[PDB]
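Visitor: Before anything else, here's the structure in question.
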Amino acid sequence: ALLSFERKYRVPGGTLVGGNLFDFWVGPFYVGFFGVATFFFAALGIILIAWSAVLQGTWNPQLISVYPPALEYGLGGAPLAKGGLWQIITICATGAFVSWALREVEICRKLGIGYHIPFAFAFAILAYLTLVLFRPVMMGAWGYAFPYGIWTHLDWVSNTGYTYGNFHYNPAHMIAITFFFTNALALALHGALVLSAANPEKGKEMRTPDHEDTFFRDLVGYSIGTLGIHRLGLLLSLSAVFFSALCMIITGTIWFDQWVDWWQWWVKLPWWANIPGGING
Amino acid sequence: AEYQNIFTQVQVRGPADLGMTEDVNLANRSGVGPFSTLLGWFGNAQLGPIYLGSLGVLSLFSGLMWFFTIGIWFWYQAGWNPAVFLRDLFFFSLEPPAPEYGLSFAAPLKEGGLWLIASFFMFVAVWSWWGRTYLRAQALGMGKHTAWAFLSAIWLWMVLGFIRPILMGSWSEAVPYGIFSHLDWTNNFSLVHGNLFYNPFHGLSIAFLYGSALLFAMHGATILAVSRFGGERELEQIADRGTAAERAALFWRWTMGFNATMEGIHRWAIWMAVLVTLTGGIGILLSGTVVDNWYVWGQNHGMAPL
Amino acid sequence: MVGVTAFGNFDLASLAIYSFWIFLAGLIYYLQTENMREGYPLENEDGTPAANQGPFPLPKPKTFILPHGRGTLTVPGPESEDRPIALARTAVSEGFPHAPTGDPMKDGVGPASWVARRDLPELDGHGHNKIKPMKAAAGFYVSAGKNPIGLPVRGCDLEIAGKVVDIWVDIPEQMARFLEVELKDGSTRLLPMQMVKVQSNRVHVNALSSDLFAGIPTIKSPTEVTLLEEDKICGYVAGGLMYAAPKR
Amino acid sequence: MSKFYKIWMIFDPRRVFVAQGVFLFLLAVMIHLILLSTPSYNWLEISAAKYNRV
Amino acid sequence: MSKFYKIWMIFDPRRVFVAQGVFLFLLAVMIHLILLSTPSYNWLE
Amino acid sequence: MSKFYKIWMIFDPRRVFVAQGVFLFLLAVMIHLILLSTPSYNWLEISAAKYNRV
Amino acid sequence: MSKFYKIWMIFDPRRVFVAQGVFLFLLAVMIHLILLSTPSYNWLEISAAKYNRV
Amino acid sequence: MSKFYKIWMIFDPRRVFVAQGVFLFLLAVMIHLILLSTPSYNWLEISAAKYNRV
Amino acid sequence: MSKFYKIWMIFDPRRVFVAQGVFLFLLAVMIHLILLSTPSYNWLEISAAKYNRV
Amino acid sequence: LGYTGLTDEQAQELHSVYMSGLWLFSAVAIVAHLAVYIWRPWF
Amino acid sequence: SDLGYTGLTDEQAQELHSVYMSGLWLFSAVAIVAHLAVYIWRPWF
Amino acid sequence: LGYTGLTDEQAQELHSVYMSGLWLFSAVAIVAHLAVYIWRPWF
Amino acid sequence: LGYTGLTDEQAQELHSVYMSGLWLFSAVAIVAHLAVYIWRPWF
Amino acid sequence: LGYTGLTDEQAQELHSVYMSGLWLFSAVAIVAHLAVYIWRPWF
Ligand code: BCL
Ligand SMILES: CC[C@H]1c2cc3[nH]c4c(c3C)C(=O)[C@H](C(=O)OC)c4c3nc(cc4[nH]c(cc(n2)[C@@H]1C)c(C(C)=O)c4C)[C@@H](C)[C@@H]3CCC(=O)OC/C=C(\C)CCC[C@H](C)CCC[C@H](C)CCCC(C)C
Ligand SMILES: CC[C@H]1c2cc3[nH]c4c(c3C)C(=O)[C@H](C(=O)OC)c4c3nc(cc4[nH]c(cc(n2)[C@@H]1C)c(C(C)=O)c4C)[C@@H](C)[C@@H]3CCC(=O)OC/C=C(\C)CCC[C@H](C)CCC[C@H](C)CCCC(C)C
Ligand SMILES: COC(C)(C)C/C=C/C(C)=C/C=C/C(C)=C/C=C/C(C)=C/C=C/C=C(C)/C=C/C=C(\C)CC/C=C(\C)CCC=C(C)C
Ligand SMILES: COC(C)(C)C/C=C/C(C)=C/C=C/C(C)=C/C=C/C(C)=C/C=C/C=C(C)/C=C/C=C(\C)CC/C=C(\C)CCC=C(C)C
Ligand SMILES: COC(C)(C)C/C=C/C(C)=C/C=C/C(C)=C/C=C/C(C)=C/C=C/C=C(C)/C=C/C=C(\C)CC/C=C(\C)CCC=C(C)C
Ligand SMILES: COC(C)(C)C/C=C/C(C)=C/C=C/C(C)=C/C=C/C(C)=C/C=C/C=C(C)/C=C/C=C(\C)CC/C=C(\C)CCC=C(C)C
Ligand SMILES: COC(C)(C)C/C=C/C(C)=C/C=C/C(C)=C/C=C/C(C)=C/C=C\C=C(C)\C=C\C=C(/C)CC/C=C(\C)CCC=C(C)C
Ligand SMILES: CCCCCCCCCCCCO[C@@H]1O[C@H](CO)[C@@H](O[C@H]2O[C@H](CO)[C@@H](O)[C@H](O)[C@H]2O)[C@H](O)[C@H]1O
Ligand SMILES: [Fe+3]
């Protein structure tokens, strides 16, 4: 029921709202006020998705889809069978994510640690809201937001990207991809380095962080450090998501053309705009 | 209003750290480079020393030849015009030979041979760097986790440039050397094979890239939140569990219902990261060689309405 | 072009995806079991083994060999909190908070908890003390930022609690770890760098009030700190966030 | 049904009441929305059709 | 309804009232929006 | 058969009761949803087609 | 054959029982779904055919 | 032949037993799915054709 | 070849046994699926054609 | 037995009140279902 | 040990199982009532 | 060896109870199979 | 030898009972295979 | 060479029993290959 060290930490306090009414644990989970909120929102959303599966006439989990209302419904409600179930699932998911972050804040306060984790999750929630709320609001239709299906929100990504040509040419998209790839690379390097220090070759003494720094200075001539690597991982992930949200917020609202054409401003700079040869000239 | 531990607020510098001389030939190791206060605001300020052995110099010179070959081809495409070179830098491309040459090496330099030369240089550089990571791990007596994690990315790279072109029967299938060029190659690869979104292994690879972002955010945030207990010194927490490790474990235990340890979270990390390129290489290998229309395959396997 | 299916729609892609599902199930099992080397077996709130231990069995033990003759650690092994936890449960049933019996910050429970670590200093790759005062740290100096030597230290109650007299440094990582603060009583305390807010004119400590720097645990040797001592100090300072709230 | 009272010697009411409230409200919302989704029992739409409000 | 008073032997009212106020207000907002969503009651045209 | 009570000497009653309560609720809602899916047994649909209320 | 009690000298009864419960329920659900997906053994559809419920 | 008992001198019986159980279950499920995916041997469809079920 | 036993002097028997077992099983399923892919060896369809099953 | 700390008489009294609340809820549910049945029968 | 992972004794386990079986039989009887009612209303066999 | 810590008699008693449960389950399963087969055989 | 800490007697007992379970499984499998090959042979 | 620690005598019986298993496996494999080659040869 508890870890071998857990008991000395399960003290009252740290609650944002309430204090005794919802200050306890169910199994391993801490149940706050936001715990109750999150559980209700999640259960309502999941069973609504099951209901929409019943309405759609398919019991394939991969084929289940909850489309938003068509474009002619604007920013208004829709019949449950047509577009309203998506809106209820959307408000449920938004509430679930926000209450999950708040429950994390309560857990942080009880444990006496920093609030970095809910902050990063807030970045993720903001990207989600950009995709479901902010961008469709600026484009005046819930139909622009993605459907809630496993293989049908991919169709949303495909259609939305191809509306603007090759979506690779969105510059903020390029930056966000660079951050994502760099973050995966850094995660692999960090896991590998820690495991290699903690698991030396064969019956060898466990390595110190000096060995980690020496390994990476030998390899690439720099070592960001034990604290620096965790700072870097957090910042890479958050910057990736930030530039993802930035790239989507400007698409369809500030930019409407093919994204490749955006690069013409570099090739048309007057000093070299009309020099023959190369590719564009 | 509170210190978030994102940037160090006071930098301290001592004598240059030469590192641990487990089995390292101190002759190959260079001298300690400069100290960067700009880098010191975020991590270590010290640059170097860097080890330069047989594989190091082999990989460095081979990669220099690859980079220089691509650059000289780009200069040729610019008509030796520096203004044109800067204007069209992202538009230049060293393209693989046309499909009618198949896998043959008898393609002209302007039409694929120079691509083969640069590809050989890149192949040598990357494999020598892999051996270099393995040997640097071995010299310090550490485990080889970095080498195998690198081997996963090497496998995706090899599938993209070497293995799938051979299976498909032509060098034209491989990726051109260019900034916008390889983006065009990626988009065209998706279009030719019918919406690579419906490749299951592309989907898993994206699951694991998203999961790597999620997990590194979680882990970095967790370690920063318990850095007030010396939590970033993870090896000592593995060897002698402090209150940082317990508080991190209990945070995720009370949030998710399960947690990791200071050592096993890094197993989660390394596997989440390597699965990206492992699954991606499997998917790219399947594309064209087994499935040429992933949307129709999807429809036949659920995943899409008939 | 392969694409022959052995049955139904089962081509090589189907074989690969099902093989990956099997591999992923095995890998998730492996990762979860490897992450059970600490904190298990599960215990009741009275410390006895619980009836429910979970779907995943405990892994085989493995031994780490410590780098400076410091010993050998086998996990999973026997687990016992080698300290008198001062808490009493507020409910007969499980899953409820345990309230402190006395001063929680003093007793070291909740956010003020510390772990009975080894009472030896952390040793770098050379076997020396990893964390040592800047005075004993040869050639170590402040490179950037405001050097906080002689800055007044303000608590969460907005009153000066002492003056910084030294910076304790991690030698190999070459980063600041602790500020040594001399109080109004002439005695010294250590404060983690992560919990101080160095400013233009003062070092602010939001965690503690002015009448709490005396309660910070001390170090027996004035030129070194052991893992246990720094665990106690950091736990105390962090618990100040919850337990010094009444003051501010 | 005589000894069912002993369930309160198994579960503390402070958690069972929260669980029961959550469950009953959730079941209520699910059933009401299921009825509102089918046009047959959508009371608002039945009223719109009866009173020619469309 | 006699014995229901024992409910305040179980839960602290100083928090229960806040929780219940949140609940009832959110129920009100849900019902308002539900009537808005149907075209035969949307009063905000 | 008589000795089945010893199941409680191996499994904690609180855990088992929560688990089987969730299981029975989910099973019941899944069966009811399956029925609502099939046209031949959707009681709401059968009723609406019975009283010409479409 | 009758000497299969010694498995309990090897396997922990709690994990065995929870794993077996999960396995039995999942196997039953899978078999019921295989039948439901078969038109010649969907009991609901066979009843609809025999009693003209469409 | 008779000496095969030394297999239990090398491998933990628990690991072998659980691995064998998983392997046998997966192999049986795969073989049953293969036979169910070939109309020549899909006993459900064969019995459907035998008695004019469809 | 008589002294081949000395291979167990260098190789750990557990690793060799597990690796060889998984390798043989994967090889066997690969060959069985290769045969099933070729209609010249799909024994199921050979029997189907021979006995006029379809 | 003896988990929550309530004694047998306390459990008896609590369950009597709880069953009273359950029956109040069920009676109001019965009246609601009767009203719906007489308004739009689902059978 | 099968002498109780939960710490219950034979008497407590027996009484708890008696009450649980009573509840299970009640639930099963209500279920049989529902099944007979629906089957008479619209059989599936 | 014995890893569960059970005694031989405890294993005997547990096995007897488990086999009783298994035989009851298999008996109800056999009843279901006979009913379905006589209703709609698959052979 | 001496890898799992089992002795010859318990290893032999374990092997015998495992072989008994294997032969029970094999006998049922052979019965099923005979029944199928009679009903719809594949050779 | 204590690479595995086997006493040069355990390895003998280990190799003998592994060879017994290998010969049983290969003999059944040869029987299967003969049966399939007779059924329809691949050459
Ligand atoms: C229109 C384009 C298509 C598409 C076409 C493709 C194609 C084609 C591929 C992918 C691949 C991937 N796609 Mg896709 N993809 C699409 C949409 C997406 C979306 C999205 C939200 O829309 C996302 C998140 C992704 C994400 C992904 C990744 C999961 C995956 C790349 C893994 C990787 O890290 O490779 C990057 C890592 C490598 C390539 C290996 C690098 C290792 C080598 C050794 C590096 C050496 C460095 C070199 C020597 C230079 C040295 C530099 C100096 C030393 C500094 N795709 C759409 C549908 N996608 C790849 C894949 O895995 O397929 C399944 C791939 O091949
Ligand atoms: C910002 C950096 C990255 C990040 C960070 C991050 N994510 C986080 C956290 C952090 C720091 C947490 O602390 C939190 C956590 O608890 O992690 C275990 C979390 C988390 N990130 C998660 C997932 C997740 N993160 C993603 C992304 C990212 N997370 C970023 C890349 C993705 C992507 C890219 O797809 C996913 C899927 C969860 C595991 C968890 C948050 C759990 C949560 O919110 O719990 C409450 C809600 C539920 C239990 C489910 C509610 C369900 C709804 C009611 C119905 C369904 C709605 C949904 C819109 C349907 C979708 C349909 C299709 C689109 C599939
Ligand atoms: C698990 C999959 C992820 C991953 C993992 C991964 N990558 C890795 C590793 C790992 C585990 C390494 O160990 C290895 C490494 O060393 O990392 C730092 C590496 C690596 N991954 C790299 C890149 C990389 N990884 C990528 C992706 C990924 N890596 C995945 C997301 C990508 C992408 C997304 O495209 C890239 C570009 C490198 C940093 C490194 C491999 C380095 C290498 O092969 O170097 C060879 C050299 C060249 C071909 C280029 C030469 C360029 C110069 C001309 C050389 C000469 C310079 C000159 C001498 C300078 C002189 C200076 C003075 C004049 C001052
Ligand atoms: C997709 O496939 C479908 C769904 C169509 C078909 C498949 C169906 C399947 C696979 C169905 C499986 C069904 C199963 C396995 C059902 C099992 C049901 C069981 C075991 C139900 C048991 C219920 C027991 C109950 C409800 C007992 C309740 C007891 C009480 C309410 C009394 C409270 C208990 C007390 C007070 C304990 C005594 C306490 C003390 C202190 C003595
Ligand atoms: C896709 O392929 C398909 C599905 C079409 C065909 C493939 C089918 C396959 C692969 C089927 C495999 C089926 C198998 C292996 C089924 C196994 C079934 C078993 C073993 C069922 C066992 C049931 C046992 C039960 C229900 C026992 C219940 C026991 C109790 C309720 C009493 C427990 C209480 C105890 C033991 C108290 C004792 C405690 C003390 C302290 C004495
Ligand atoms: C795609 O290719 C297809 C699938 C079409 C064809 C490929 C087929 C292939 C590759 C098939 C491979 C088949 C194999 C290798 C099958 C092997 C099956 C085996 C070895 C099954 C063994 C079963 C063993 C059983 C069921 C043993 C049960 C034993 C017990 C229940 C005994 C209990 C143990 C006790 C009591 C130990 C306690 C004793 C003491 C002293 C504590
Ligand atoms: C893609 O290419 C294709 C597939 C088309 C063609 C390529 C084919 C290739 C490359 C085939 C490669 C075949 C190879 C290399 C086969 C190697 C086979 C070997 C090494 C077999 C050795 C087997 C040994 C066995 C099976 C031992 C079996 C033991 C038993 C059956 C009884 C169990 C007893 C044991 C394991 C010993 C017990 C005693 C102790 C002390 C544990
Ligand atoms: C002023 O500028 C100077 C000239 C001084 C330097 C400038 C250099 C410039 C402008 C460099 C630009 C470099 C660029 C744009 C590089 C881009 C590289 C990219 C995006 C590569 C992307 C993918 C590459 C892949 C996937 C390569 C895969 C290759 C392999 C897997 C190995 C291939 C090996 C093969 C095909 C066989 C080779 C063996 C023989 C015997 C030919
Ligand atoms: C999730 C991991 C566990 C997977 C199951 C364990 C066994 C692992 C190997 C399974 C391989 C066979 O897996 C099985 O293949 C057949 C091949 O047609 C699939 O295909 C079958 O169902 C699909 C979907 O209804 C039909 O379109 C298809 O005509 C039919 O043959 C099955 O849907 C799949 O279940
Ligand atoms: Fe880390």
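Visitor: Being among the β-branched types (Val, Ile, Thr) and closer than 20 Å to G:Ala19 by Cβ is the filter here, so list the residues in the stretch H:10-36 that pass it. Walk me through how you get there before you give the answer.
Guide: Within the stretch H:10-36, the first condition is being among the β-branched types (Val, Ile, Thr), and the residues that meet it are H:10, H:16, H:18, H:22, H:29, H:31, H:34.
Those that are among the β-branched types (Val, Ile, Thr) and closer than 20 Å to G:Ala19 by Cβ: H:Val16, H:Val18, H:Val22, H:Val29.
Visitor: Would the stretch C:148-162 turn up any residue that is surrounded by fewer than 19 Cβ atoms within 10 Å (Cβ to Cβ), among the small types (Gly, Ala, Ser) and either more than 10 Å from chain B (Cβ to nearest Cβ) or in contact with a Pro (Cβ under 9 Å, 6 or more places away or on another chain) (or both)? Give the steps one after another, and end with the answer.
Guide: Step one: list which residues in the stretch C:148-162 are surrounded by fewer than 19 Cβ atoms within 10 Å (Cβ to Cβ), which gives C:149-150, C:152, C:157-160.
Those left that are additionally among the small types (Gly, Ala, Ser): C:150.
Still in the running and either more than 10 Å from chain B (Cβ to nearest Cβ) or in contact with a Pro (Cβ under 9 Å, 6 or more places away or on another chain) (or both): C:150.
Yes, there is a match, as at least one residue in the stretch C:148-162 is surrounded by fewer than 19 Cβ atoms within 10 Å (Cβ to Cβ), among the small types (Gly, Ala, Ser) and either more than 10 Å from chain B (Cβ to nearest Cβ) or in contact with a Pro (Cβ under 9 Å, 6 or more places away or on another chain) (or both).
Visitor: Which one of D:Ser2, D:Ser40 is more than 16 Å from the chain's Cα centre (by Cα), closer than 25 Å to E:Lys6 by Cβ, more than 16 Å from ligand 1 (Cβ to nearest atom) and of a type in the set (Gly, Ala, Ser)? Reasoning before the result, please.
Guide: Working: D:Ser40 fails: closer than 25 Å to E:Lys6 by Cβ.
None of the other options fit; the residue is D:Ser2.
Visitor: Among the numbered criteria (1) surrounded by 15 or more Cβ atoms within 10 Å (Cβ to Cβ); (2) among the aliphatic types (A, V, I, L, M); (3) more than 24 Å from K:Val30 (Cα to Cα), which one does F:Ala49 miss?
Guide: F:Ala49 satisfies every listed condition except (1).
Visitor: Only residues that are closer than 24 Å to A:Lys82 by Cα and in a loop (DSSP other than H, G, I, E, B): list them for chain E, please.
Guide: E:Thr38, E:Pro39, E:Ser40, E:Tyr41, E:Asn42, E:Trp43, E:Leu44, E:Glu45 - these are the residues of chain E that are closer than 24 Å to A:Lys82 by Cα and in a loop (DSSP other than H, G, I, E, B).
Table: residues versus (1) at the interface with another protein chain (Cβ under 7 Å from one of its Cβ atoms); (2) surrounded by fewer than 16 Cβ atoms within 10 Å (Cβ to Cβ); (3) on the phi > 0 side of the Ramachandran plot.
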| site | (1), (2), (3) |
| --- | --- |
| C:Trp21 | no, yes, no |
| C:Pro55 | yes, yes, no |
| C:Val92 | yes, yes, no |
| C:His98 | yes, no, no |
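Visitor: Tell me which residues, restricted to the stretch C:206-248, are among the small types (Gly, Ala, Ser), assigned to a loop (DSSP other than H, G, I, E, B) and closer than 23 Å to C:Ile160 by Cβ. Break it down into steps so the answer makes sense when it comes.
Guide: First, the residues of the stretch C:206-248 that are among the small types (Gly, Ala, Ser): C:207, C:209-210, C:214-215, C:221, C:235, C:238-240, C:244-245.
Filter again for assigned to a loop (DSSP other than H, G, I, E, B), leaving C:207, C:209, C:214-215, C:221, C:244-245.
Within the stretch C:206-248, C:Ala207, C:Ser209, C:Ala214, C:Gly215, C:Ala244, C:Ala245 meet the criteria.
Visitor: Give me the helices (runs of 4 or more DSSP H) completely within the stretch B:1-110, filtered to those with at least 1 residues that are closer than 30 Å to C:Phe140 by Cβ and within 11 Å of chain A (Cβ to nearest Cβ), ordered by residue number.
Guide: On the way: elements: B:37-40, B:54-77, B:82-87.
Qualifying helices (runs of 4 or more DSSP H): B:37-40.
Visitor: Condition first: within 12 Å of chain B (Cβ to nearest Cβ) and either free of Cβ contacts under 8 Å to residues at least 24 places away in the same chain or within 16 Å of ligand 8 (Cβ to nearest atom) (or both). Now tell me which residues in the stretch A:88-107 satisfy that.
Guide: A:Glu104
Visitor: For the list (1) within 16 Å of ligand 6 (Cβ to nearest atom); (2) more than 14 Å from chain H (Cβ to nearest Cβ), I need the number of the one condition that I:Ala19 fails.
Guide: It is condition (2) that I:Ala19 fails.
Visitor: Report whether or not A:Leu187 is away from ligand 10 (no atom under 16 Å from the Cβ) and in contact (Cβ under 8 Å) with a residue 24 or more places away in the chain. Show your work before the answer.
Guide: Details: away from ligand 10 (no atom under 16 Å from the Cβ): no; in contact (Cβ under 8 Å) with a residue 24 or more places away in the chain: yes.
For A:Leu187, the condition - away from ligand 10 (no atom under 16 Å from the Cβ) and in contact (Cβ under 8 Å) with a residue 24 or more places away in the chain - is not met.
Visitor: Follow-up question, since we're still on this one. Check every one of the strands (runs of 3 or more DSSP E) wholly within the stretch C:86-202 and list those with 1 or more residues that are under 18 Å from B:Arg13 (Cα atoms). Outline the logic, then answer.
Guide: On the way: elements: C:87-89, C:98-100, C:131-133, C:141-144, C:152-154, C:160-170, C:175-183, C:188-192.
Where strands (runs of 3 or more DSSP E) fall fully within the stretch C:86-202 and carry at least 1 residues being under 18 Å from B:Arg13 (Cα atoms), they are C:131-133, C:141-144, C:160-170, C:175-183.
Visitor: Would you mind telling me which numbered condition in (1) assigned to a helix (DSSP H, G or I); (2) buried (at least 19 other Cβ atoms within 10 Å of the Cβ) A:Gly149 fails?
Guide: (1)
Visitor: Additional query: Looking only at the stretch A:212-234, count how many residues are more than 7 Å from chain B (Cβ to nearest Cβ) and buried (at least 24 other Cβ atoms within 10 Å of the Cβ).
Guide: 2
Visitor: A follow-up question, please. Quick check on my filter: what residues within the stretch A:214-233 are of a type in the set (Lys, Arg) and either under 16 Å from B:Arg136 (Cβ atoms) or not assigned by CATH to the domain that holds A:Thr182 (or both)?
Guide: Looking only at the stretch A:214-233, we keep the residues that are of a type in the set (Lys, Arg), and these are A:217, A:231.
Listed by number, the list holds a single entry, A:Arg217.
Visitor: Pick out the one residue from A:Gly27, A:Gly84, A:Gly76, A:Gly18 that is over 24 Å from D:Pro13 (Cα atoms), surrounded by fewer than 21 Cβ atoms within 10 Å (Cβ to Cβ) and small (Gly, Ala, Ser). Before you say what the answer is, go through the steps one by one.
Guide: Details: A:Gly27 fails: over 24 Å from D:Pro13 (Cα atoms); A:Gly84 fails: surrounded by fewer than 21 Cβ atoms within 10 Å (Cβ to Cβ); A:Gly18 fails: over 24 Å from D:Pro13 (Cα atoms).
Just a single option satisfies the conditions, and that option is A:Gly76.
Visitor: Please go through the stretch B:226-235 and give me each residue that is of a type outside the set (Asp, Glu), within 19 Å of B:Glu263 (Cβ to Cβ) and either part of a helix (DSSP H, G or I) or at the interface with chain A (Cβ under 7 Å from one of its Cβ atoms) (or both), ordered by number.
Guide: Applying the first criterion (of a type outside the set (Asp, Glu)) to the stretch B:226-235 yields B:226-231, B:233, B:235.
This time we only want the ones that are within 19 Å of B:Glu263 (Cβ to Cβ), so: B:226-227, B:229-231, B:233, B:235.
Hits for the stretch B:226-235 are B:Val226, B:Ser227, B:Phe229, B:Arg233, B:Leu235.
Visitor: Look at A:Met206 and say whether it is without any contact (Cβ under 8 Å) to a residue 12 or more places away in the chain and in a loop (DSSP other than H, G, I, E, B). Break it down into steps so the answer makes sense when it comes.
Guide: Numbers: without any contact (Cβ under 8 Å) to a residue 12 or more places away in the chain: yes; in a loop (DSSP other than H, G, I, E, B): yes.
In short, yes.
Visitor: Related question: Please enumerate the residues belonging to the stretch A:189-213 that are farther than 14 Å from B:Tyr134 by Cα and polar (S, T, N, Q).
Guide: Across the stretch A:189-213, the qualifying residues are A:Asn199, A:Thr208.
Every residue, every condition in (1) of a type in the set (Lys, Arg); (2) touching a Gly at 6+ places or on another chain (Cβ under 6 Å); (3) over 30 Å from C:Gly240 (Cα atoms); (4) within 9 Å of chain A (Cβ to nearest Cβ), yes or no:
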| residue | (1), (2), (3), (4) |
| --- | --- |
| B:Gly143 | no, no, yes, yes |
| B:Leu191 | no, no, yes, no |
| B:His219 | no, no, no, yes |
| B:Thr255 | no, no, no, yes |
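Visitor: Scanning for something part of a helix (DSSP H, G or I) and touching a strand residue (DSSP E or B) at 6+ places or on another chain (Cβ under 7 Å), does the stretch A:107-118 turn up at least one residue? It would help to see each step written out before you state the result.
Guide: Taking the stretch A:107-118 first, the residues part of a helix (DSSP H, G or I) are A:107-111, A:116-118.
Okay, now just the ones that are also touching a strand residue (DSSP E or B) at 6+ places or on another chain (Cβ under 7 Å), so A:107.
Yes: the stretch A:107-118 contains one or more residues that are part of a helix (DSSP H, G or I) and touching a strand residue (DSSP E or B) at 6+ places or on another chain (Cβ under 7 Å).
Visitor: Name every residue in the stretch B:285-306 that is surrounded by fewer than 24 Cβ atoms within 10 Å (Cβ to Cβ) and in a helix (DSSP H, G or I), in order of residue number.
Guide: B:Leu285, B:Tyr295, B:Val296, B:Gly298, B:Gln299, B:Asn300 - these are the residues of the stretch B:285-306 that are surrounded by fewer than 24 Cβ atoms within 10 Å (Cβ to Cβ) and in a helix (DSSP H, G or I).
Visitor: For the stretch A:209-252, name all the residues that are more than 19 Å from B:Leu38 (Cα to Cα), within 21 Å of the chain's Cα centre (by Cα) and either within 15 Å of ligand 3 (Cβ to nearest atom) or assigned to a strand (DSSP E or B) (or both).
Guide: A:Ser237, A:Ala240, A:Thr251
The values are calculated or read from the model by the stated rules, or taken from the named source; no laboratory instrument gave them. Quick reminder, even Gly has a Cβ in these numbers, built from the backbone with ideal geometry, and neighbours come from all protein chains shown.
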